[PDB]
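Quick heads-up: the structure tokens below are two forms of one chain, split into structure 1 and structure 2.
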Structure 1
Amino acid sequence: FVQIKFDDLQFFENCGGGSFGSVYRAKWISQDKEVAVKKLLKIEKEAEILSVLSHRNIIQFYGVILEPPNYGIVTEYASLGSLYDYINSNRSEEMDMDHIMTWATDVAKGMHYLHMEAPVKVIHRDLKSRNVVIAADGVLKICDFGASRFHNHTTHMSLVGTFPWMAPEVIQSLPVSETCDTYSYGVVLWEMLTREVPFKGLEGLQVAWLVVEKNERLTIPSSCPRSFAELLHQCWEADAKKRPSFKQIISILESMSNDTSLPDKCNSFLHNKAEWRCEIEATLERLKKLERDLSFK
């Protein structure tokens, strides 16, 4: 439980962009290291117990600020920014199959560590693309895996903007197993495949209702390779007990990379978004038309 002095940190821009949160890029002066600093109301003993987690695909704890009124958690800083910003920028057009396979595996291995390999079982419950960051060598690291433990509850305000990634049982505040994270991982994979914002522009509670009540799921383009479509469908099962573990997802991804025909099929699909983005936009339009109907009641 390394202690860092508030004065040993030269601050920089908040990392959140839209809905900034309380995370800043900073320089740890005495260690000559670039860091992230999450400002906190107070440090609790949960920060101490999670401070020993270490895995290449989770953000690395460095220390805590323990100087009232300045509290915070310090971690490494991933040079290449958030997964969400990458996907929703022109840079992601460079992605091919190999890139996706490696990044799908990165997140799966981080979640496997959190679920099965840490001294304490961590269920994220808020896995999403904005909670994954890209280090300088391209290794993805999961962030914010302790937040669902720090706060014991939710409100509509804190859920706004996150409904597309939430498993139905999480939306419902029903019993929760670790495979709620499998559902969210499916959305992140879909984001990488389609390079779109899931359910873009839709009322969060319409998304919740569509996913929870109607078994609605994100549109998978018809030309998406069957191996990806099938894995998405497995991740998105309404019944959490039918979703695969992350150990199973890892073995599935590994087998897909022995498939000699998949790279051409996937690369052709990935680079053909001008042709199939209309399938995703058609469903958005239909759900927007559905929203107009459900406004008149």
Structure 2
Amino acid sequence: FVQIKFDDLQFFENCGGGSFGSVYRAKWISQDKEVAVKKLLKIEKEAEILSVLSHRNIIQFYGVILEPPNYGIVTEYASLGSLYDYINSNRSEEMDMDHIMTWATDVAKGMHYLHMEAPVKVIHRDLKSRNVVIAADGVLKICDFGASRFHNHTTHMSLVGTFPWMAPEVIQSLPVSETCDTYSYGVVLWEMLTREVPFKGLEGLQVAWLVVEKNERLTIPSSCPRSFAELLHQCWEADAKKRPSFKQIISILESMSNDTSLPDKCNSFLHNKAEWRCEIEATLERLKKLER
């Protein structure tokens, strides 16, 4: 639970501006290290139980700032930015099947560590593409895994914005198991495949209602390979007990990566977005219209 003095940080982005939970690029002066700094209202000593977690697919803890009123947590800075920004940029056109498999495996692995391998079991509860970042070598790192337990206050702002990623039982404050993260993972995989914002332009409460009451799920284009479509359907089951664990997902991904037919089918799908984008847009028009 290393303490980093506020005076040992050179901020690139003014740390005054954002709400609690905002993250700033900074330099850790005495270490000559680029870092991320998440601004917090306060942090409890108990948070030290998570300071020992370490895995190549979760963001690496560096230290804590403990000088009132300045509180924060310091981590590694992933040089390529957030997964959400990448997906929704034209840069995502570069992605082929190998890219997607590697990144899908990255997230799955990090979530398996949190669920099963860490000294303290962690259910994320807020997994989404905005909470994944891309390190300089392309390794994906999961962020905010301790938010739900140690700084839940940071999760309030655009809770509505997050509804597309939230399992029905989380939206309803029903009993929650580790598989709530499998549901969210399914949405992240859908984003990588379609490179679209889930339920784009839809009111969050409307999303939440459709997901919970009508069993609505994100549109899977008909030309999406069946192995991927099936994985998404498993992640998205209403009955949380029937969703796969991350151990099971990893095994599914390994099976898919041995399928010699898949790369051509998937790459043809990925590069065909001009063809199937209308399928997603049609569902959105329909849901918006039916709301009217």
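Structure 1's sequence is the ruler for residue numbers, which start at 1. Only the largest set of C-alpha atoms that superpose within 1.5 Å between the two forms is called the rigid core.
Listed options 102, 215, 158, 222; Cα moving by 2 angstroms or more between structure 1 and structure 2 (core superposition)
Spelled out, the residue whose C-alpha shifts by 2 Å or more is 158.
query = Quick one: once the rigid core is lined up, does residue 10 have its C-alpha move by 2 Å or more between structure 1 and structure 2?
reply = No, residue 10 moves less than 2 Å.
Residue 42: how large is its C-alpha shift between structure 1 and structure 2, with the rigid core as the superposition reference, in Å?
Looking at the C-alpha of residue 42 between structure 1 and structure 2, the offset is 1.1 Å.
Checklist entry - Where the core is superposed, what shift in Å does the CA of residue 21 undergo between structure 1 and structure 2? => result Residue 21 is displaced by 4.1 Å at its C-alpha.
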